[PDB]
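Undergrad: Below is data-v7.csv; it holds CSV, C-alpha atoms.
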```csv
chain,number,residue,atom,x,y,z
Y,1,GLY,CA,34.1,-92.6,44.3
Y,2,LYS,CA,31.4,-95.2,43.8
Y,3,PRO,CA,28.4,-95.3,46.1
Y,4,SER,CA,29.4,-96.4,49.6
Y,5,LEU,CA,27.5,-99.7,49.4
Y,6,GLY,CA,27.9,-102.6,51.8
Y,7,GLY,CA,28.6,-102.7,55.5
Y,8,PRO,CA,28.0,-104.9,58.5
Y,9,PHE,CA,25.1,-107.4,58.3
Y,10,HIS,CA,24.2,-110.6,60.1
Y,11,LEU,CA,22.2,-113.3,58.4
Y,12,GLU,CA,22.1,-117.1,58.1
Y,13,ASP,CA,22.8,-119.3,55.1
Y,14,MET,CA,20.3,-121.8,53.8
Y,15,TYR,CA,21.9,-124.5,56.0
Y,16,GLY,CA,21.6,-122.5,59.2
Y,17,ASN,CA,25.2,-121.3,59.5
Y,18,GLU,CA,25.8,-117.7,60.6
Y,19,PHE,CA,26.9,-115.4,57.7
Y,20,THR,CA,28.0,-111.8,58.3
Y,21,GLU,CA,30.0,-109.2,56.4
Y,22,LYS,CA,33.1,-110.9,57.9
Y,23,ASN,CA,32.5,-113.9,55.6
Y,24,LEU,CA,33.2,-111.7,52.6
Y,25,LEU,CA,36.8,-111.3,53.6
Y,26,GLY,CA,39.5,-113.2,51.7
Y,27,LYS,CA,37.6,-113.6,48.4
Y,28,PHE,CA,35.7,-112.0,45.6
Y,29,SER,CA,32.0,-112.3,46.3
Y,30,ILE,CA,29.1,-111.5,44.0
Y,31,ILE,CA,25.8,-110.7,45.6
Y,32,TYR,CA,22.3,-110.7,44.1
Y,33,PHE,CA,19.2,-109.6,46.0
Y,34,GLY,CA,15.8,-111.1,45.0
Y,35,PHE,CA,13.2,-113.5,46.2
Y,36,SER,CA,12.0,-117.0,45.4
Y,37,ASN,CA,8.5,-115.9,44.3
Y,38,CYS,CA,9.8,-113.4,41.8
Y,39,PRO,CA,8.5,-114.0,38.3
Y,40,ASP,CA,10.9,-113.9,35.4
Y,41,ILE,CA,13.5,-111.4,36.6
Y,42,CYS,CA,15.2,-113.3,39.4
Y,43,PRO,CA,15.2,-116.7,37.6
Y,44,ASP,CA,16.7,-115.0,34.5
Y,45,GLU,CA,19.4,-113.3,36.6
Y,46,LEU,CA,20.3,-116.4,38.5
Y,47,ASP,CA,20.5,-118.3,35.2
Y,48,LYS,CA,22.9,-115.6,33.8
Y,49,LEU,CA,25.0,-115.9,37.0
Y,50,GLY,CA,25.4,-119.6,36.5
Y,51,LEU,CA,26.7,-119.0,33.0
Y,52,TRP,CA,29.2,-116.5,34.4
Y,53,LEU,CA,30.4,-118.7,37.2
Y,54,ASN,CA,31.0,-121.7,34.9
Y,55,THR,CA,32.8,-119.5,32.3
Y,56,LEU,CA,34.9,-117.9,35.0
Y,57,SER,CA,36.1,-121.2,36.5
Y,58,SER,CA,36.6,-123.1,33.3
Y,59,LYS,CA,38.2,-120.4,31.1
Y,60,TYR,CA,40.0,-118.2,33.7
Y,61,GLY,CA,40.3,-120.5,36.8
Y,62,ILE,CA,38.4,-117.8,38.8
Y,63,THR,CA,36.2,-118.9,41.7
Y,64,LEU,CA,33.7,-116.4,43.2
Y,65,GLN,CA,31.6,-116.6,46.3
Y,66,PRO,CA,28.1,-116.2,44.9
Y,67,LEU,CA,25.4,-115.2,47.3
Y,68,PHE,CA,21.6,-114.9,46.9
Y,69,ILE,CA,20.1,-112.7,49.5
Y,70,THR,CA,16.3,-112.8,49.9
Y,71,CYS,CA,14.3,-109.6,50.3
Y,72,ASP,CA,11.2,-111.6,51.4
Y,73,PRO,CA,12.1,-113.0,54.9
Y,74,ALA,CA,8.4,-113.8,55.4
Y,75,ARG,CA,8.4,-116.7,52.9
Y,76,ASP,CA,12.1,-117.4,52.0
Y,77,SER,CA,13.1,-119.6,54.9
Y,78,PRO,CA,16.3,-121.7,54.6
Y,79,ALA,CA,14.3,-124.7,53.3
Y,80,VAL,CA,12.5,-122.6,50.7
Y,81,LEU,CA,15.8,-121.2,49.5
Y,82,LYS,CA,17.4,-124.6,49.3
Y,83,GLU,CA,14.6,-125.8,47.0
Y,84,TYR,CA,14.5,-122.7,44.9
Y,85,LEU,CA,18.3,-122.7,44.3
Y,86,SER,CA,18.3,-126.5,43.5
Y,87,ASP,CA,17.4,-125.3,40.0
Y,88,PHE,CA,20.5,-123.1,39.7
Y,89,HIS,CA,24.3,-123.2,39.9
Y,90,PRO,CA,25.2,-125.3,43.0
Y,91,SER,CA,27.8,-122.7,44.2
Y,92,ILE,CA,25.1,-120.1,44.9
Y,93,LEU,CA,24.5,-119.8,48.6
Y,94,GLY,CA,21.1,-118.5,49.8
Y,95,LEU,CA,21.1,-116.1,52.7
Y,96,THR,CA,18.1,-115.1,54.8
Y,97,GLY,CA,17.2,-114.1,58.4
Y,98,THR,CA,14.7,-112.2,60.5
Y,99,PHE,CA,12.9,-109.2,59.1
Y,100,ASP,CA,15.2,-106.9,61.0
Y,101,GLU,CA,18.4,-108.7,59.7
Y,102,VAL,CA,17.2,-108.7,56.1
Y,103,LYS,CA,16.0,-105.1,56.3
Y,104,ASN,CA,19.4,-104.1,57.4
Y,105,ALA,CA,21.2,-106.0,54.7
Y,106,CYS,CA,19.0,-104.4,52.1
Y,107,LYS,CA,19.6,-101.0,53.6
Y,108,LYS,CA,23.3,-101.4,53.5
Y,109,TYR,CA,23.3,-102.2,49.8
Y,110,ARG,CA,20.6,-99.5,49.1
Y,111,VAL,CA,18.1,-102.0,47.7
Y,112,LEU,CA,10.9,-105.6,44.6
Y,113,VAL,CA,11.0,-107.1,41.1
Y,114,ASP,CA,11.9,-103.9,39.4
Y,115,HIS,CA,14.9,-103.4,41.8
Y,116,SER,CA,16.3,-106.9,41.9
Y,117,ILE,CA,18.4,-106.1,38.9
Y,118,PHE,CA,22.1,-105.6,40.0
Y,119,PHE,CA,24.8,-108.0,41.0
Y,120,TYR,CA,27.2,-106.5,43.6
Y,121,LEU,CA,30.9,-107.5,43.3
Y,122,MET,CA,32.8,-107.2,46.6
Y,123,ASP,CA,36.6,-107.6,46.8
Y,124,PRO,CA,38.6,-109.7,49.3
Y,125,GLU,CA,38.6,-106.7,51.7
Y,126,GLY,CA,34.8,-106.7,51.7
Y,127,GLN,CA,34.6,-103.5,49.6
Y,128,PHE,CA,32.2,-102.7,46.8
Y,129,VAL,CA,34.0,-102.5,43.6
Y,130,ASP,CA,31.3,-102.7,40.9
Y,131,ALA,CA,27.7,-103.5,40.1
Y,132,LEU,CA,26.6,-105.4,37.1
Y,133,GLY,CA,23.2,-104.5,35.7
Y,134,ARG,CA,21.1,-106.1,33.1
Y,135,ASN,CA,23.0,-104.5,30.3
Y,136,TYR,CA,25.8,-106.9,30.9
Y,137,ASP,CA,25.3,-110.2,29.0
Y,138,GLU,CA,26.7,-113.7,29.4
Y,139,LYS,CA,30.0,-112.5,27.8
Y,140,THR,CA,30.6,-108.8,28.8
Y,141,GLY,CA,29.8,-109.6,32.4
Y,142,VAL,CA,32.5,-112.2,32.6
Y,143,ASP,CA,35.0,-109.7,31.0
Y,144,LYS,CA,34.3,-107.1,33.7
Y,145,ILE,CA,34.7,-109.5,36.5
Y,146,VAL,CA,38.0,-110.9,35.2
Y,147,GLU,CA,39.3,-107.4,34.9
Y,148,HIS,CA,38.6,-106.7,38.6
Y,149,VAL,CA,39.9,-110.1,39.9
Y,150,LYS,CA,43.2,-110.1,37.9
Y,151,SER,CA,44.0,-106.4,38.6
Y,152,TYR,CA,43.3,-106.7,42.3
Y,153,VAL,CA,46.0,-105.9,44.8
Y,154,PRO,CA,45.6,-105.9,48.6
Y,155,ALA,CA,45.9,-102.7,50.8
```
Translate this file's structure into structure tokens.
TA:
Amino acid sequence: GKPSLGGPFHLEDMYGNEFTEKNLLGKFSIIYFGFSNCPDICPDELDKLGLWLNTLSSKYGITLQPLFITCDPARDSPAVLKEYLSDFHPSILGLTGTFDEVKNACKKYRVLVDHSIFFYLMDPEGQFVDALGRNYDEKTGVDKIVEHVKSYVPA
């Protein structure tokens, strides 16, 4: 029904560990594509995500796997992502890689500033279940995620 987003990808997290689509299995993940040198948009989105994560865990006991994937592999090295993310929620994990690896990941999710606007929610089976745009605020975004997590049932 929804666009066939997602698929195999191979990246590295900001600590150097391999991270592929296989790491999405067994949990609800929320992915955001952006870049450290993005003005306004990306900082604002990551701030909103931090609010969501804290509300989710404290009020509903829900823990997501938040991932920040860079679209600028030229400058966003693991060290740059670690420093950039130090100003945001600690659970957010930055992912990067070679131009080819990043290009593929972006292609799989059909994804610079004007288009770094959706959060992609992936279920425990690694399937795309919903995208949260800027029209979701600190409260309605949480409501939508809770709905998906609590109603989830495996294959």
Undergrad: Measuring atom to atom with all atoms listed in the file, identify which of Y:146, Y:106, Y:30, Y:51 is nearest to residue 7 in chain Y.
TA: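 Smallest distance to residue 7 in chain Y is found for Y:106.
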Undergrad: Just to confirm, what's the straight-line distance from CA of residue 1 in chain Y to CA of residue 29 in chain Y in Å (one decimal)?
TA: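 Rounded to one decimal, the two atoms are 19.9 Å apart.
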Undergrad: Write out as CSV a residue-level contact list of range 39-82 of chain Y versus range 120-133 of chain Y with cut-off 12 Å: for each qualifying residue the closest pair of atoms and the distance in Å to one decimal, counting only C-alpha atoms, rows sorted by chain and residue number upward.
TA:
```
residue,atom,partner,partner_atom,distance
Y:41,CA,Y:133,CA,11.9
Y:45,CA,Y:133,CA,9.6
Y:48,CA,Y:133,CA,11.3
Y:49,CA,Y:132,CA,10.6
Y:52,CA,Y:132,CA,11.7
Y:64,CA,Y:121,CA,9.3
Y:65,CA,Y:122,CA,9.5
Y:66,CA,Y:121,CA,9.3
Y:67,CA,Y:120,CA,9.6
Y:68,CA,Y:120,CA,10.6
Y:69,CA,Y:120,CA,11.1
```
Undergrad: With a distance cut-off of 7 Å and all atoms listed in the file, select the neighbouring residues of residue 70 in chain Y, excluding the residue or stretch itself and same-chain residues fewer than 5 positions from it, and output the selection as a list in words.
TA: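 Once the adjacent positions are removed, what remains is residues 33, 34, 35, 76, 95 and 96 of chain Y.
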Undergrad: With distances taken over all atoms listed in the file, which residue among Y:40, Y:19, Y:56, Y:24 lies nearest residue 139 in chain Y?
TA: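 Answer, going by the shortest atom-to-atom distance: Y:56.
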Undergrad: Report, as AutoDock Vina command-line options, the centre and edge lengths in Å (one decimal) of the axis-aligned box enclosing every listed atom of range 49-54 of chain Y, padded by 8 Å on each side.
TA:
```
--center_x 28.0 --center_y -118.8 --center_z 35.1 --size_x 22.0 --size_y 21.8 --size_z 20.2
```
Undergrad: So how far away is CA of residue 42 in chain Y from CA of residue 14 in chain Y, in Å?
TA: 17.5 Å
Undergrad: Nearest to residue 150 in chain Y: which of Y:63, Y:55, Y:86, Y:135 is it, counting all atoms listed in the file?
TA: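 Smallest separation from residue 150 in chain Y among the options: Y:63.
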